[PDB]
Amino acid sequence: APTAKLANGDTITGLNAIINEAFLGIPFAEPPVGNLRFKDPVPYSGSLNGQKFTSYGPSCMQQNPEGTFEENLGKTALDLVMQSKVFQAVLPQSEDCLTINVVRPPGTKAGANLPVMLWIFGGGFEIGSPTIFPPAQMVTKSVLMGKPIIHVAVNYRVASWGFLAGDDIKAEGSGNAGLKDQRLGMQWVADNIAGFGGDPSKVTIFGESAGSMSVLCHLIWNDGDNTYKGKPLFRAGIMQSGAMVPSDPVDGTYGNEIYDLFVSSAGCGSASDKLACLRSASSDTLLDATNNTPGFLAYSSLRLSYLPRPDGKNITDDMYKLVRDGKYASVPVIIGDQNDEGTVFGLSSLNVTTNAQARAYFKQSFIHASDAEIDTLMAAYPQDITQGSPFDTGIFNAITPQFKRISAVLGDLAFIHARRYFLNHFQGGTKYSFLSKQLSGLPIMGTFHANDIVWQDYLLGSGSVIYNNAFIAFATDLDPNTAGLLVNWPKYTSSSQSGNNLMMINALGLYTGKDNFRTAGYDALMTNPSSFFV
Ligand SMILES: CCCCC/C=C\C/C=C\CCCCCCCC(=O)O[C@H]1CC[C@@]2(C)C(=CC[C@H]3[C@@H]4CC[C@H]([C@H](C)CCCC(C)C)[C@@]4(C)CC[C@@H]32)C1
Ligand SMILES: *[C@@H]1O[C@H](CO)[C@@H](O[C@@H]2O[C@H](CO)[C@@H](O)[C@H](O)[C@H]2NC(C)=O)[C@H](O)[C@H]1NC(C)=O
Ligand SMILES: *[C@@H]1O[C@H](CO)[C@@H](O)[C@H](O)[C@H]1NC(C)=O
């Protein structure tokens, strides 16, 4: 019964879920299969008139997080689970996965002109899909606050299929395919969303983790040109854990190293035209090859095999440099973090137990860093177990003498101080920042990376007034304060400003604070960001 009219005039039918109306599995691009593998997506051209969209399509192919070229039980066990029929029955995957999803308040009709919140899932640029991030909580809340919004989730290619790099990809101009899928989805929204009751001039893009870093990539995309048909694609962005990607270009050292290993595992090591050889390999061969390169939970940890990289075309340069140079879209922004971002990633190196070992690991991970730089970093992030993450836990959580130390560095470099760097240089619009400590006390993990997904999509907690209410107010009014919070959210200007510039969250509620913690670490990492690029 719920129906919507697309830009071409097609009339589609959806699912009435009582609490909302969903249109799930709408294709937005041609299947990037066979000879279209690794290439920019192609707009869908067929007709959908008369078709019904009542269920989530399959996720793009997924890389085993324990994947690696070494043989280990974690990799194997994980393969057994993902490849099992029950798992494949619950969470199906396919290379034919470029679909978009629209969920709206009950009774919405075209012409409602409601703000749109476009969700970009995260998953290490290696796993994930819109299916595991239910929008009901966000949609119900916007109705209750009398500020209804339309939730749009776009699917995009992950791992090798969406982020293969190296000299061949570069030469062909096929870099950052997965970000191009997201960019096409945004154009699909600009063209079609009105028919669903949405206002295309009121789009706020938001994502968590790799999805958050994706949001930043969209601000600096095409050197800050976010227009399509002369109009902005989005008017605001929200970043939940992640800003700049600390990465070398598509044709750099590790981009080629991973590419060579992928090609060899694919059995294309002898082809003179390896891309052509990859494009005709079976789906299982490419899957096995991908799982033979390191996954995000493997020892390599955040030194990712697949991630966005400057390609000289769409991401014209070092992302830190682009933000420093003013090459971004001029939109207001909300960016925040979870107190203990690094704890899950610190679990990947529990065999690093001595200071010498920790030094070697950092050396191995940051190939452009000098001894002197590695020295300043290890001085700024001491072995002292009270200093590490989970933060403020004293002598607790010391699985090994380096765990808390390694966790602190990874979380700061990848998420926390990267956020500070962004806020100190971004002058494109009003900035608001938050820091959550909602789970202080949770053994080992603390206020871990991605716990915000639980409070935003699954359960109500103290953080939910931020993750739902505050975000919906921002999408609607460009000010999180219209949410009617008990604590005013102060604008952020710089980390060295006078008073409180951070909205904080604890188990009891909100309070404000300052973004002035671990400044030695910030200087050790952000003085010359590129020294720590992967
Ligand atoms: C030492 C090496 C060099 C150091 C590093 C240097 C540079 C770093 C460069 C890049 C870093 C980029 C990292 C990007 C992303 C990190 C990877 C990541 O895990 O994300 C995760 C981000 C969140 C995300 C999307 C992931 C997987 C599945 C998701 C879950 C499935 C289920 C669960 C629900 C909450 C379950 C319901 C629960 C109940 C109780 C109701 C979900 C949705 C929580 C959120 C999860 C991946
Ligand atoms: C911790 O374990 C990792 C993973 O097993 C070790 O790294 C591997 O070590 C073997 C043997 O030296 C090498 O063949 C692999 O190439 C390494 N893999 C990677 C991804 O680096 C690591 O040496 C161990 N760390 C310590 C301090 O002992
Ligand atoms: C990427 O950059 C090229 C070169 O400027 C441009 O022609 C192309 O449209 C861009 N792609 C996207 C998806 O914006």
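Since every read-out is calculated from the coordinates, none of them should be taken as a lab result. All Cβ positions, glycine included, derive from the backbone under ideal geometry; neighbour counts span all protein chains shown.
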So if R0 is 60 Å, what FRET efficiency would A372 and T140 give, r being the distance between their Cβ atoms, rounded to the nearest 0.05? 0.65
For the chain, any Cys whose C-beta has no other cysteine C-beta under 4.7 angstrom counts as unpaired, and these are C217
Restricting to DSSP loop positions (anything but H, G, I, E, B) with no more than 13 other Cβ atoms inside 10 Å of their own Cβ, which trypsin sites (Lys or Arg not before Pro) remain in the range 227-293? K229
For the chain, projected area of the alpha-carbon convex hull averaged over all directions, nm²: 23.1 nm²
Just to confirm the filter: which GluC sites (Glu not before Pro) across the range 65-125 are DSSP coil and have at most 11 other Cβ within 10 angstrom of their Cβ? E70, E71
Can you give the FRET efficiency for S440 and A379, using 1/(1 + (r/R0)^6), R0 = 25 Å, r = Cβ-Cβ distance, to the nearest 0.05? 0.40
Pick out, from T204, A77, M526, the residue whose Cα sits farthest towards the positive end of the charge dipole of the chain, with +1 on the Cβ of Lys and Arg and -1 on the Cβ of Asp and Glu. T204
Spacing of the two label points (7 Å from each Cα toward its C-beta) at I132 and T227, in nm: 3.9 nm
By average Cβ neighbour count within 10 Å, what is the ranking of 211-221, 125-135 from highest down? 211-221, 125-135
Would you please give the residues with an amide H less than 5 Å from that of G198, counting only those at least 5 places away or on a separate chain, with H modeled from the backbone geometry? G111, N113, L114
Let me check against my output: what whole-number percent is the relative contact order of the chain, with C-alpha pairs under 8 Å and at least 6 apart? 15 percent
Hey, rough spin-label estimate for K363 and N528, points 7 angstrom out along Cα→Cβ, what's it come to in nanometres? 1.8 nm
Under the Karplus curve 6.51 cos²θ - 1.76 cosθ + 1.60, θ = phi - 60°, whole-Hz ³J(HN,Hα) for the range 193-203, x wherever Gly or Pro sits: 4, 4, x, 9, x, x, 10, x, 8, 10, 9
Counting other Cβ atoms within 10 Å, which chymotrypsin sites (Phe, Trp or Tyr not before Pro) in the range 1-95 have at most 12 and lie in a DSSP loop? none
With bins 5 Å wide starting at 0, give me the P(r) of the range 248-367 over every alpha carbon pair, in whole percents. 2, 9, 13, 15, 16, 17, 13, 10, 5, 1, 0
Mind jotting down the distance between the C-alpha centroids of the range 397-475 and the range 283-314, whole Å? 24 Å
May I ask you to evaluate 6.51 cos²θ - 1.76 cosθ + 1.60, the Karplus curve with θ = phi - 60°, for each residue of the range 222-238 and list the ³J(HN,Hα) values in order in whole Hz, giving x for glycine and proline? 6, 6, x, 7, 9, 8, 8, 6, x, 10, x, 6, 8, 10, 6, x, 10
What's the extension gain from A89 to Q497 if we count 0.36 nm per residue and subtract their Cα-Cα distance? 141.6 nm
Check: the chain dipole with +1 on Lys, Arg Cβ and -1 on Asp, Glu Cβ, in debye: 1360 debye
Distance from a point 7 Å along Cα→Cβ of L347 to each backbone N in the range 63-87: keep the residues under 19 Å and list them by number. 63-68, 72-82
³J(HN,Hα) across the range 457-466 via Karplus (A = 6.51, B = -1.76, C = 1.60, θ = phi - 60°), whole Hz, x for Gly/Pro? 10, 10, 9, 9, x, 4, x, 4, 6, 8
Two-decimal Rg to Rh for the range 410-472 - Kirkwood Rh, Cα set: 1.01
